[PDB]
Amino acid sequence: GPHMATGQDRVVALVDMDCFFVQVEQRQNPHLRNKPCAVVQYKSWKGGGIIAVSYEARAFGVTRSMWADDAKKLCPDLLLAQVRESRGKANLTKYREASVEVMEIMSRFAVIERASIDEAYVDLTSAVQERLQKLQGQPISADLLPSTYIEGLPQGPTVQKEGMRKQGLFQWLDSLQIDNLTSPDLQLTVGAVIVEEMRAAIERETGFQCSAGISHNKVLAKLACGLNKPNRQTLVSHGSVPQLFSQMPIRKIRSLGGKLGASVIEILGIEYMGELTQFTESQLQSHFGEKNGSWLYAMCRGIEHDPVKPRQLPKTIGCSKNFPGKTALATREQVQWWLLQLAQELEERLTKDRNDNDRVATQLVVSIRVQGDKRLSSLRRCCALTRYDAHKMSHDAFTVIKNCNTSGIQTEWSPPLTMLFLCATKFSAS
DNA sequence: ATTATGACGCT
DNA sequence: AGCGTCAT
Ligand SMILES: Nc1ncnc2c1ncn2[C@H]1C[C@H](O)[C@@H](COP(=O)(O)OP(=O)(O)OP(=O)(O)O)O1
Ligand SMILES: [Ca+2]
Ligand SMILES: [Mn+2]
(Lines give C-alpha, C1' and ligand atoms only; values in the text may rest on other atoms or scores of the structure.)
(Ligands and ions follow the chains in the order given, each with its own letter.)
Protein backbone atom coordinates (compact mmCIF):
# COMPACT_ATOMS: atom_id res chain seq x y z
CA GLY A 1 0.00 0.00 0.00
CA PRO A 2 1.59 3.24 1.36
CA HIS A 3 5.11 1.74 1.43
CA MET A 4 4.78 0.42 -2.14
CA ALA A 5 7.29 2.22 -4.35
CA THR A 6 5.70 3.09 -7.68
CA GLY A 7 8.73 4.24 -9.68
CA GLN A 8 7.32 7.73 -10.21
CA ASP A 9 10.21 9.69 -8.69
CA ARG A 10 11.78 10.81 -11.98
CA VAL A 11 10.85 12.39 -15.30
CA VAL A 12 12.89 10.82 -18.11
CA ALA A 13 12.69 11.36 -21.85
CA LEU A 14 14.21 9.54 -24.80
CA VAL A 15 14.72 11.61 -27.93
CA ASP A 16 15.33 9.69 -31.14
CA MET A 17 15.94 11.22 -34.57
CA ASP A 18 13.57 10.21 -37.38
CA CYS A 19 15.27 8.11 -40.11
CA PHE A 20 18.45 9.88 -39.08
CA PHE A 21 21.05 9.23 -41.82
CA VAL A 22 18.34 9.89 -44.43
CA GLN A 23 17.55 13.26 -42.87
CA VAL A 24 21.25 14.19 -42.82
CA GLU A 25 21.43 13.42 -46.55
CA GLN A 26 18.11 15.22 -47.26
CA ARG A 27 19.31 18.37 -45.52
CA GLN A 28 22.40 18.33 -47.74
CA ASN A 29 20.58 17.50 -50.95
CA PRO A 30 17.14 19.12 -51.23
CA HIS A 31 16.30 16.91 -54.23
CA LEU A 32 15.93 14.02 -51.75
CA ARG A 33 13.43 15.79 -49.50
CA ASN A 34 9.90 14.37 -49.20
CA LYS A 35 10.85 11.43 -51.37
CA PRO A 36 11.13 7.68 -50.95
CA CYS A 37 14.81 7.40 -50.27
CA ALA A 38 17.38 5.37 -48.42
CA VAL A 39 21.01 5.54 -47.40
CA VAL A 40 23.22 2.75 -48.68
CA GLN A 41 26.78 1.58 -48.06
CA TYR A 42 28.90 0.21 -50.87
CA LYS A 43 27.28 -0.37 -54.27
CA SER A 44 28.99 -3.18 -56.14
CA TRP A 45 27.34 -6.09 -54.30
CA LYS A 46 23.60 -6.02 -55.05
CA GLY A 47 23.43 -2.22 -55.24
CA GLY A 48 24.71 -1.74 -51.71
CA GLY A 49 23.23 -2.46 -48.30
CA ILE A 50 20.51 -0.18 -46.97
CA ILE A 51 21.10 1.23 -43.50
CA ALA A 52 18.39 3.95 -43.30
CA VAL A 53 14.98 4.41 -44.93
CA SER A 54 12.67 7.43 -45.31
CA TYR A 55 9.07 6.98 -44.16
CA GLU A 56 7.87 7.46 -47.73
CA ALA A 57 10.06 4.51 -48.75
CA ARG A 58 8.94 2.35 -45.80
CA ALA A 59 5.41 2.53 -47.22
CA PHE A 60 6.70 0.45 -50.15
CA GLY A 61 8.19 -2.14 -47.79
CA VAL A 62 11.79 -0.94 -48.00
CA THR A 63 13.73 -1.84 -44.84
CA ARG A 64 17.14 -1.72 -43.24
CA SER A 65 19.45 -4.65 -44.21
CA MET A 66 17.82 -4.92 -47.63
CA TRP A 67 20.07 -4.85 -50.70
CA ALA A 68 19.33 -1.75 -52.77
CA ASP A 69 18.74 -3.91 -55.86
CA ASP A 70 15.98 -5.72 -53.96
CA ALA A 71 14.58 -2.50 -52.54
CA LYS A 72 14.30 -1.16 -56.10
CA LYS A 73 12.04 -4.11 -56.87
CA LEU A 74 9.57 -2.87 -54.25
CA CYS A 75 10.09 0.81 -55.02
CA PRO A 76 11.45 1.52 -58.52
CA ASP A 77 11.68 5.27 -57.93
CA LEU A 78 13.59 4.89 -54.64
CA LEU A 79 16.29 7.53 -54.34
CA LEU A 80 19.64 6.60 -52.79
CA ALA A 81 22.41 8.44 -51.03
CA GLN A 82 25.74 6.67 -50.47
CA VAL A 83 27.85 6.62 -47.35
CA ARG A 84 31.20 8.27 -47.98
CA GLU A 85 34.11 5.97 -48.67
CA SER A 86 37.60 6.84 -47.46
CA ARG A 87 40.70 4.65 -47.35
CA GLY A 88 38.71 1.83 -48.88
CA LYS A 89 35.95 1.74 -46.26
CA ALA A 90 32.62 3.27 -45.33
CA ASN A 91 33.22 6.42 -43.32
CA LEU A 92 30.48 7.61 -40.95
CA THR A 93 31.95 11.01 -40.04
CA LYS A 94 29.14 13.11 -41.56
CA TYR A 95 26.60 11.35 -39.34
CA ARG A 96 28.74 11.51 -36.21
CA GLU A 97 29.12 15.25 -36.71
CA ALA A 98 25.37 15.68 -37.27
CA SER A 99 24.83 13.72 -34.05
CA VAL A 100 27.01 16.18 -32.16
CA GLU A 101 24.84 19.05 -33.49
CA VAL A 102 21.79 17.47 -31.92
CA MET A 103 23.43 16.37 -28.67
CA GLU A 104 24.78 19.87 -27.98
CA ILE A 105 21.29 21.41 -28.38
CA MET A 106 19.72 18.83 -26.06
CA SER A 107 22.45 19.43 -23.48
CA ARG A 108 21.23 23.04 -23.11
CA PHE A 109 18.03 21.75 -21.53
CA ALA A 110 19.33 19.01 -19.26
CA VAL A 111 21.97 16.39 -18.57
CA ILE A 112 21.86 13.77 -21.32
CA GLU A 113 23.03 10.19 -21.81
CA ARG A 114 24.17 9.49 -25.38
CA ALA A 115 22.53 6.13 -26.10
CA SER A 116 23.36 5.84 -29.79
CA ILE A 117 24.41 7.96 -32.73
CA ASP A 118 20.87 9.32 -32.99
CA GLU A 119 19.32 9.20 -29.52
CA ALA A 120 19.80 10.36 -25.99
CA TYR A 121 18.05 10.07 -22.67
CA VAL A 122 17.15 13.21 -20.79
CA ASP A 123 16.73 13.50 -17.03
CA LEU A 124 14.08 16.21 -16.73
CA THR A 125 13.20 15.86 -13.05
CA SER A 126 14.89 19.12 -11.97
CA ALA A 127 13.82 21.13 -15.05
CA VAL A 128 10.23 20.05 -14.38
CA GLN A 129 10.43 21.18 -10.75
CA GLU A 130 11.68 24.54 -11.99
CA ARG A 131 8.98 24.99 -14.63
CA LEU A 132 6.28 24.02 -12.11
CA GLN A 133 7.29 26.93 -9.85
CA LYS A 134 7.05 29.38 -12.76
CA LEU A 135 3.68 28.01 -13.78
CA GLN A 136 2.42 29.04 -10.33
CA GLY A 137 -0.45 26.56 -10.39
CA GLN A 138 -1.69 27.71 -13.79
CA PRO A 139 -3.17 24.94 -16.01
CA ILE A 140 -1.37 23.51 -19.03
CA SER A 141 -2.94 24.45 -22.34
CA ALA A 142 -3.20 21.87 -25.12
CA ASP A 143 -1.47 24.48 -27.30
CA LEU A 144 1.72 23.75 -25.36
CA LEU A 145 1.54 20.11 -26.47
CA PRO A 146 0.94 20.27 -30.24
CA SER A 147 2.64 16.97 -31.15
CA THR A 148 2.00 14.95 -27.97
CA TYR A 149 0.13 11.63 -27.70
CA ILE A 150 -1.11 10.41 -24.34
CA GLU A 151 -0.82 6.64 -24.47
CA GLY A 152 -4.09 4.84 -23.63
CA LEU A 153 -6.32 7.83 -24.43
CA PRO A 154 -8.92 8.63 -25.55
CA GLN A 155 -11.03 6.00 -23.81
CA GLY A 156 -14.79 5.55 -23.44
CA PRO A 157 -17.30 7.77 -25.30
CA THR A 158 -12.88 10.19 -33.99
CA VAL A 159 -12.25 9.48 -37.68
CA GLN A 160 -8.99 11.43 -38.15
CA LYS A 161 -5.65 10.56 -36.54
CA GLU A 162 -4.95 14.14 -35.44
CA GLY A 163 -8.52 14.25 -34.14
CA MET A 164 -7.83 11.18 -32.01
CA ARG A 165 -4.59 12.69 -30.74
CA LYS A 166 -6.38 15.83 -29.57
CA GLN A 167 -9.25 13.90 -28.03
CA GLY A 168 -6.82 11.91 -25.92
CA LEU A 169 -4.83 15.01 -24.98
CA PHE A 170 -7.95 16.86 -23.90
CA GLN A 171 -9.16 13.93 -21.75
CA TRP A 172 -5.74 13.87 -20.10
CA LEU A 173 -5.52 17.61 -19.49
CA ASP A 174 -9.11 17.81 -18.28
CA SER A 175 -8.31 15.26 -15.61
CA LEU A 176 -5.03 16.83 -14.42
CA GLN A 177 -4.77 18.19 -10.88
CA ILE A 178 -2.34 21.11 -11.17
CA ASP A 179 -2.51 22.26 -7.52
CA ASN A 180 -0.29 19.33 -6.49
CA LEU A 181 3.32 20.15 -7.39
CA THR A 182 4.28 16.53 -6.65
CA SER A 183 1.65 14.67 -8.74
CA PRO A 184 3.63 12.35 -11.01
CA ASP A 185 1.12 12.81 -13.86
CA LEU A 186 1.51 16.58 -13.68
CA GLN A 187 5.30 16.19 -13.61
CA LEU A 188 5.19 14.02 -16.75
CA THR A 189 2.99 16.59 -18.48
CA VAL A 190 5.39 19.42 -17.76
CA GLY A 191 8.15 17.07 -18.91
CA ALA A 192 6.29 16.74 -22.20
CA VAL A 193 6.02 20.54 -22.46
CA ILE A 194 9.80 20.80 -22.13
CA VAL A 195 10.37 18.06 -24.70
CA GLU A 196 8.14 19.91 -27.19
CA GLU A 197 10.46 22.89 -26.68
CA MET A 198 13.58 20.70 -27.05
CA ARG A 199 12.26 19.09 -30.20
CA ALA A 200 11.32 22.49 -31.64
CA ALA A 201 14.84 23.76 -30.90
CA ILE A 202 16.42 20.75 -32.58
CA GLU A 203 14.33 21.22 -35.72
CA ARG A 204 14.82 25.01 -35.82
CA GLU A 205 18.60 24.80 -35.37
CA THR A 206 19.43 21.71 -37.44
CA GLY A 207 16.56 21.01 -39.79
CA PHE A 208 16.14 17.52 -38.31
CA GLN A 209 12.87 16.12 -36.95
CA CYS A 210 12.69 13.59 -34.13
CA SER A 211 10.32 11.65 -31.94
CA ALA A 212 10.40 11.33 -28.17
CA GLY A 213 9.03 9.33 -25.26
CA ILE A 214 8.30 10.82 -21.85
CA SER A 215 7.87 8.59 -18.81
CA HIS A 216 9.31 7.84 -15.38
CA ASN A 217 12.30 5.78 -16.50
CA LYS A 218 14.49 4.95 -19.47
CA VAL A 219 12.80 1.71 -20.56
CA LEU A 220 9.32 3.25 -20.65
CA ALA A 221 10.64 6.39 -22.29
CA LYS A 222 12.26 4.33 -25.06
CA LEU A 223 9.11 2.26 -25.55
CA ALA A 224 6.98 5.41 -25.60
CA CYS A 225 9.17 7.09 -28.21
CA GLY A 226 8.38 4.40 -30.78
CA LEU A 227 4.59 4.37 -30.32
CA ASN A 228 3.99 7.43 -32.50
CA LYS A 229 6.74 8.04 -35.06
CA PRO A 230 7.73 10.09 -36.96
CA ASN A 231 7.78 13.66 -35.72
CA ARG A 232 5.62 13.06 -32.63
CA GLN A 233 6.13 12.45 -28.91
CA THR A 234 4.32 10.12 -26.55
CA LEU A 235 3.67 10.32 -22.81
CA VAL A 236 3.42 6.93 -21.04
CA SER A 237 2.07 7.46 -17.56
CA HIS A 238 2.45 5.03 -14.67
CA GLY A 239 -1.29 4.41 -14.90
CA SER A 240 -1.10 3.44 -18.57
CA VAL A 241 1.26 0.54 -17.91
CA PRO A 242 -1.15 -2.34 -17.09
CA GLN A 243 -3.16 -1.93 -20.31
CA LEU A 244 -0.09 -1.14 -22.40
CA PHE A 245 1.76 -4.16 -21.11
CA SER A 246 -1.23 -6.53 -21.29
CA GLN A 247 -0.70 -7.03 -25.04
CA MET A 248 2.97 -6.00 -25.33
CA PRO A 249 5.22 -8.76 -26.68
CA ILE A 250 8.15 -9.28 -24.31
CA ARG A 251 10.70 -8.78 -27.11
CA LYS A 252 9.65 -5.13 -27.48
CA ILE A 253 11.16 -4.05 -24.18
CA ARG A 254 14.77 -2.89 -24.34
CA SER A 255 17.20 -5.74 -23.41
CA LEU A 256 14.56 -8.45 -23.96
CA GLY A 257 14.82 -8.61 -27.76
CA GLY A 258 17.36 -11.43 -27.73
CA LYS A 259 18.08 -14.72 -25.98
CA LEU A 260 16.94 -13.64 -22.49
CA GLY A 261 13.59 -12.50 -23.83
CA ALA A 262 13.19 -15.77 -25.70
CA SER A 263 13.99 -17.66 -22.50
CA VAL A 264 11.41 -15.68 -20.49
CA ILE A 265 8.82 -16.69 -23.09
CA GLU A 266 9.85 -20.36 -23.25
CA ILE A 267 10.45 -21.05 -19.59
CA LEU A 268 7.42 -19.22 -18.24
CA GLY A 269 5.11 -20.02 -21.16
CA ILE A 270 3.97 -16.41 -21.57
CA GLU A 271 3.87 -13.86 -24.45
CA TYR A 272 3.22 -10.39 -23.00
CA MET A 273 5.09 -8.17 -20.58
CA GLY A 274 2.09 -7.87 -18.29
CA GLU A 275 1.94 -11.62 -17.72
CA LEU A 276 5.18 -11.32 -15.73
CA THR A 277 3.31 -9.82 -12.75
CA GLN A 278 2.07 -13.29 -11.74
CA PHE A 279 5.52 -14.50 -10.68
CA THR A 280 7.29 -13.76 -7.40
CA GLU A 281 10.58 -11.92 -7.41
CA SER A 282 12.30 -15.11 -6.17
CA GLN A 283 10.66 -17.06 -8.98
CA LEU A 284 12.03 -14.72 -11.59
CA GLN A 285 15.44 -14.68 -9.93
CA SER A 286 15.48 -18.47 -9.90
CA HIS A 287 15.16 -18.63 -13.69
CA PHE A 288 17.00 -15.52 -14.89
CA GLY A 289 19.50 -14.71 -12.14
CA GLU A 290 19.43 -12.27 -9.25
CA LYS A 291 19.88 -9.08 -11.28
CA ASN A 292 17.58 -9.94 -14.20
CA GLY A 293 14.91 -11.37 -11.88
CA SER A 294 14.72 -8.23 -9.76
CA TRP A 295 14.78 -6.12 -12.90
CA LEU A 296 11.95 -8.11 -14.50
CA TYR A 297 9.84 -8.03 -11.33
CA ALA A 298 9.98 -4.23 -11.19
CA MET A 299 9.92 -3.65 -14.95
CA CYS A 300 6.66 -5.51 -15.60
CA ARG A 301 5.08 -3.10 -13.06
CA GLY A 302 6.49 -0.10 -14.97
CA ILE A 303 9.34 0.40 -12.51
CA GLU A 304 13.03 0.77 -13.37
CA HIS A 305 15.84 2.58 -11.60
CA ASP A 306 18.68 2.76 -14.17
CA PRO A 307 19.98 6.32 -14.09
CA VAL A 308 20.43 8.63 -16.98
CA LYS A 309 24.19 8.71 -16.97
CA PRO A 310 25.86 12.04 -17.46
CA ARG A 311 27.70 11.14 -20.64
CA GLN A 312 27.45 12.98 -23.92
CA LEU A 313 30.55 11.62 -25.63
CA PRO A 314 31.20 8.04 -26.75
CA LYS A 315 33.45 6.01 -24.40
CA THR A 316 35.32 4.37 -27.27
CA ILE A 317 36.39 5.27 -30.81
CA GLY A 318 36.55 2.36 -33.26
CA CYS A 319 37.11 1.40 -36.90
CA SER A 320 35.97 -1.92 -38.40
CA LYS A 321 35.67 -3.62 -41.77
CA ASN A 322 34.23 -6.94 -42.89
CA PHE A 323 35.82 -8.90 -45.73
CA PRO A 324 33.04 -11.25 -46.77
CA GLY A 325 33.08 -14.35 -48.96
CA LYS A 326 35.99 -14.38 -51.35
CA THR A 327 37.26 -10.93 -50.34
CA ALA A 328 38.61 -12.48 -47.12
CA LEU A 329 42.21 -11.44 -46.49
CA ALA A 330 44.59 -14.30 -47.29
CA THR A 331 48.00 -12.66 -47.51
CA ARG A 332 50.14 -10.97 -44.87
CA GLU A 333 50.49 -7.87 -47.05
CA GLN A 334 46.71 -7.68 -47.35
CA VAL A 335 46.15 -7.89 -43.60
CA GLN A 336 48.82 -5.23 -43.05
CA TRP A 337 47.50 -2.81 -45.65
CA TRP A 338 43.99 -2.90 -44.21
CA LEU A 339 45.27 -2.57 -40.63
CA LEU A 340 46.93 0.60 -41.86
CA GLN A 341 43.74 1.89 -43.49
CA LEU A 342 41.81 1.33 -40.27
CA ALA A 343 44.63 2.86 -38.18
CA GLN A 344 44.73 5.94 -40.37
CA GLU A 345 41.02 6.62 -39.95
CA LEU A 346 41.39 5.92 -36.22
CA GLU A 347 44.29 8.36 -35.90
CA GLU A 348 42.29 11.05 -37.67
CA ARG A 349 39.29 10.58 -35.40
CA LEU A 350 41.47 10.29 -32.29
CA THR A 351 43.41 13.46 -33.01
CA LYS A 352 40.18 15.41 -33.51
CA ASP A 353 38.75 13.89 -30.33
CA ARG A 354 41.77 15.01 -28.31
CA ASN A 355 41.48 18.61 -29.52
CA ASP A 356 37.71 18.75 -29.05
CA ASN A 357 37.29 16.89 -25.81
CA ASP A 358 40.51 17.19 -23.74
CA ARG A 359 41.15 13.49 -23.39
CA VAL A 360 43.47 10.77 -24.68
CA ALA A 361 42.85 7.08 -25.32
CA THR A 362 45.32 4.75 -23.61
CA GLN A 363 44.40 1.28 -24.82
CA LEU A 364 44.16 -0.14 -28.33
CA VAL A 365 41.84 -3.13 -28.73
CA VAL A 366 42.32 -5.35 -31.79
CA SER A 367 39.63 -7.76 -32.92
CA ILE A 368 39.55 -10.15 -35.85
CA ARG A 369 37.39 -12.78 -37.33
CA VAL A 370 38.27 -15.94 -39.14
CA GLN A 371 36.56 -17.62 -41.99
CA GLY A 372 34.29 -20.27 -40.72
CA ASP A 373 33.47 -18.57 -37.47
CA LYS A 374 30.27 -16.67 -37.52
CA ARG A 375 30.62 -15.23 -34.04
CA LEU A 376 31.09 -11.48 -34.53
CA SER A 377 34.54 -11.65 -32.99
CA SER A 378 36.86 -14.64 -33.15
CA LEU A 379 39.57 -13.02 -31.06
CA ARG A 380 40.29 -9.84 -29.11
CA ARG A 381 43.68 -8.64 -27.95
CA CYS A 382 44.70 -5.37 -26.30
CA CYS A 383 47.89 -3.37 -26.31
CA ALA A 384 49.06 0.01 -25.07
CA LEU A 385 48.07 3.05 -27.09
CA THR A 386 50.91 5.44 -26.29
CA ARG A 387 51.01 7.59 -29.43
CA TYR A 388 48.41 8.80 -31.94
CA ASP A 389 50.32 7.37 -34.90
CA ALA A 390 48.67 5.18 -37.51
CA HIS A 391 51.81 3.31 -38.58
CA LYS A 392 52.64 2.46 -34.96
CA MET A 393 49.07 1.45 -34.14
CA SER A 394 48.84 -0.78 -37.22
CA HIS A 395 52.22 -2.35 -36.47
CA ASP A 396 51.16 -2.94 -32.86
CA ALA A 397 47.86 -4.46 -33.98
CA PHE A 398 49.67 -6.80 -36.33
CA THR A 399 52.04 -7.83 -33.54
CA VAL A 400 49.20 -8.86 -31.20
CA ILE A 401 47.34 -10.83 -33.91
CA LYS A 402 50.11 -12.32 -36.07
CA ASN A 403 50.09 -15.49 -33.92
CA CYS A 404 46.68 -16.41 -35.16
CA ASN A 405 48.14 -17.23 -38.54
CA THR A 406 48.25 -21.00 -38.89
CA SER A 407 49.94 -20.77 -42.30
CA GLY A 408 53.39 -22.34 -42.24
CA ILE A 409 54.24 -19.85 -44.97
CA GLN A 410 55.56 -16.35 -44.25
CA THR A 411 53.53 -14.52 -46.89
CA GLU A 412 50.24 -16.41 -46.64
CA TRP A 413 47.49 -15.92 -44.07
CA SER A 414 45.29 -18.81 -42.99
CA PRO A 415 42.53 -19.11 -42.26
CA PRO A 416 41.60 -15.92 -44.15
CA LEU A 417 40.38 -12.96 -42.08
CA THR A 418 36.76 -11.87 -42.58
CA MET A 419 36.85 -8.93 -40.16
CA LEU A 420 39.34 -6.44 -38.70
CA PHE A 421 38.52 -4.04 -35.86
CA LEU A 422 40.59 -1.38 -34.12
CA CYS A 423 39.12 0.25 -31.03
CA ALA A 424 40.61 3.03 -28.91
CA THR A 425 39.52 2.81 -25.28
CA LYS A 426 40.32 3.80 -21.68
CA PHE A 427 40.37 7.58 -21.98
CA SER A 428 42.26 9.85 -19.58
CA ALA A 429 41.87 13.60 -19.21
CA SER A 430 44.48 15.66 -21.05
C1' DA B 1 27.56 -11.02 -48.68
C1' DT B 2 22.50 -8.06 -42.57
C1' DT B 3 27.89 -3.53 -42.18
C1' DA B 4 29.81 -0.34 -38.88
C1' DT B 5 29.66 0.60 -34.96
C1' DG B 6 29.01 1.19 -29.35
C1' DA B 7 27.66 0.00 -24.21
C1' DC B 8 27.65 -3.18 -20.65
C1' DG B 9 27.58 -8.06 -18.32
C1' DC B 10 30.08 -12.45 -17.00
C1' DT B 11 33.84 -14.96 -15.24
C1' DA C 1 41.52 -9.65 -19.50
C1' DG C 2 38.88 -11.86 -23.11
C1' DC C 3 34.23 -13.38 -24.24
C1' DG C 4 29.30 -12.74 -24.96
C1' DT C 5 24.85 -10.19 -25.36
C1' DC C 6 22.02 -6.55 -27.03
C1' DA C 7 21.55 -2.56 -29.25
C1' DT C 8 21.24 1.15 -33.29
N1 LIG D 1 22.06 -2.14 -37.97
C2 LIG D 1 22.63 -0.90 -38.40
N3 LIG D 1 23.74 -0.88 -39.13
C4 LIG D 1 24.31 0.26 -39.56
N5 LIG D 1 23.74 1.46 -39.24
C6 LIG D 1 22.61 1.49 -38.51
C7 LIG D 1 22.02 0.29 -38.05
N8 LIG D 1 20.92 0.63 -37.35
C9 LIG D 1 20.83 1.96 -37.34
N10 LIG D 1 21.83 2.52 -38.05
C11 LIG D 1 22.07 3.91 -38.26
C12 LIG D 1 21.28 4.45 -39.40
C13 LIG D 1 20.15 5.11 -38.73
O14 LIG D 1 19.67 6.21 -39.53
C15 LIG D 1 20.66 5.55 -37.44
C16 LIG D 1 19.59 5.53 -36.35
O17 LIG D 1 19.03 4.25 -36.22
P18 LIG D 1 17.52 4.04 -35.82
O19 LIG D 1 17.13 5.04 -34.76
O20 LIG D 1 17.33 2.61 -35.36
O21 LIG D 1 16.64 4.18 -37.14
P22 LIG D 1 16.29 5.49 -37.96
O23 LIG D 1 16.68 6.79 -37.26
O24 LIG D 1 16.97 5.41 -39.30
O25 LIG D 1 14.71 5.43 -38.22
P26 LIG D 1 13.58 5.67 -37.11
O27 LIG D 1 12.75 6.86 -37.53
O28 LIG D 1 12.73 4.40 -37.13
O29 LIG D 1 14.24 5.85 -35.77
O30 LIG D 1 21.68 4.63 -37.07
CA1 LIG E 1 15.98 7.06 -35.08
MN1 LIG F 1 17.80 5.34 -32.54
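Here the Cβ positions follow ideal geometry from the backbone for every residue, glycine too, while neighbour counts run over all protein chains shown. Numbers and lists here come from the model and the stated rules, or from a named source; no laboratory instrument gave them.
Observations on the structure shown:
- Selected residue (only one of A:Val308, A:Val264 is within 12 Å of DNA strand C (Cβ to nearest atom) and among the β-branched types (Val, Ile, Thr)): A:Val264
- Subset of segment A:264-288 (residues that are assigned to a loop (DSSP other than H, G, I, E, B) and more than 13 Å from A:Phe245 (Cβ to Cβ)): A:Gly269, A:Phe279, A:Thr280
- Count of segment A:51-73 residues which are within 16 Å of ligand 3 (Cβ to nearest atom) and aliphatic (A, V, I, L, M): 3
- Qualifying positions in segment A:25-49 - aliphatic (A, V, I, L, M), closer than 24 Å to A:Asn228 by Cβ and more than 8 Å from ligand 1 (Cβ to nearest atom): A:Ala38
- Where A:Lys291 falls short, out of the listed (1) surrounded by 20 or more Cβ atoms within 10 Å (Cβ to Cβ); (2) assigned to a helix (DSSP H, G or I): (1)
- The residue list A:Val100, A:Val39, A:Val15 contains one member that is among the hydrophobic types (A, V, I, L, M, F, W, C) and within 30 Å of A:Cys300 (Cβ to Cβ), which is A:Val15.
- Meets criteria (among the small types (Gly, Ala, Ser), more than 16 Å from DNA strand C (Cβ to nearest atom) and outside any helix (DSSP H, G or I)) for A:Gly163: no
- Where A:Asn405 falls short, out of the listed (1) touching a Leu at 6+ places or on another chain (Cβ under 8 Å); (2) surrounded by 15 or more Cβ atoms within 10 Å (Cβ to Cβ): (1)
- All told, A:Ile265 falls short of being of a type in the set (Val, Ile, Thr), within 16 Å of DNA strand B (Cβ to nearest atom) and either within 20 Å of the chain's Cα centre (by Cα) or surrounded by fewer than 19 Cβ atoms within 10 Å (Cβ to Cβ) (or both).
- Output for segment A:176-208, where each listed residue is part of a loop (DSSP other than H, G, I, E, B), within 16 Å of ligand 2 (Cβ to nearest atom) and surrounded by fewer than 18 Cβ atoms within 10 Å (Cβ to Cβ): A:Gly207
- Residues located in segment A:227-263, provided they are in a helix (DSSP H, G or I) and small (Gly, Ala, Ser): A:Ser246, A:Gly261, A:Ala262, A:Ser263
- Residue, nearest to ligand 3 (Cβ to nearest atom), within segment A:97-131, restricted to residues that are touching an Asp or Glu at 6+ places or on another chain (Cβ under 7 Å) and of a type in the set (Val, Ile, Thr): A:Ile105
- Some residue of segment A:118-125 being over 16 Å from A:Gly191 (Cβ atoms) and within 16 Å of DNA strand C (Cβ to nearest atom): yes
- Residue in segment A:361-392 that is surrounded by the fewest Cβ atoms within 10 Å (Cβ to Cβ), counting only those that are under 15 Å from A:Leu342 (Cβ atoms) and out of contact with any strand residue (DSSP E or B) (no Cβ under 6 Å at 6 or more places or on another chain): A:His391
- One residue alone among A:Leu256, A:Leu220 is more than 19 Å from A:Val11 (Cα to Cα) and either touching a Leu at 6+ places or on another chain (Cβ under 8 Å) or crowded, with 20+ Cβ neighbours inside 10 Å (or both), and that residue is A:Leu256.
- Boolean, A:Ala212 is surrounded by 14 or more Cβ atoms within 10 Å (Cβ to Cβ) and either assigned by CATH to the domain that holds A:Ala298 or in a strand (DSSP E or B) (or both): yes
- Any hit, segment A:356-367, residues being farther than 30 Å from A:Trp413 by Cβ and in a helix (DSSP H, G or I): yes
- Which listed residue is within 16 Å of DNA strand C (Cβ to nearest atom) and more than 22 Å from A:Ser107 (Cβ to Cβ), from A:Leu186, A:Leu223, A:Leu235: A:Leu223
- Here is the figure for segment A:226-273: residues that are within 16 Å of ligand 1 (Cβ to nearest atom) and over 30 Å from A:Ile194 (Cβ atoms) total 2.
- Among residues of segment A:76-93 that are more than 14 Å from A:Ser44 (Cβ to Cβ) and more than 16 Å from ligand 2 (Cβ to nearest atom), those with a beta-carbon under 9 Å from a residue that is of a type in the set (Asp, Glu) and in a strand (DSSP E or B) at least six positions away or on a different chain give the pairs A:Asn91/A:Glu85.
- Here the strands (runs of 3 or more DSSP E) wholly within segment A:42-160 that include at least 2 residues being closer than 30 Å to A:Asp306 by Cβ and among the hydroxyl-bearing types (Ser, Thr, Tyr) are A:148-150.
- Some residue of segment A:292-310 being of a type outside the set (A, V, I, L, M, F, W, C) and closer than 20 Å to A:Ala90 by Cβ: no
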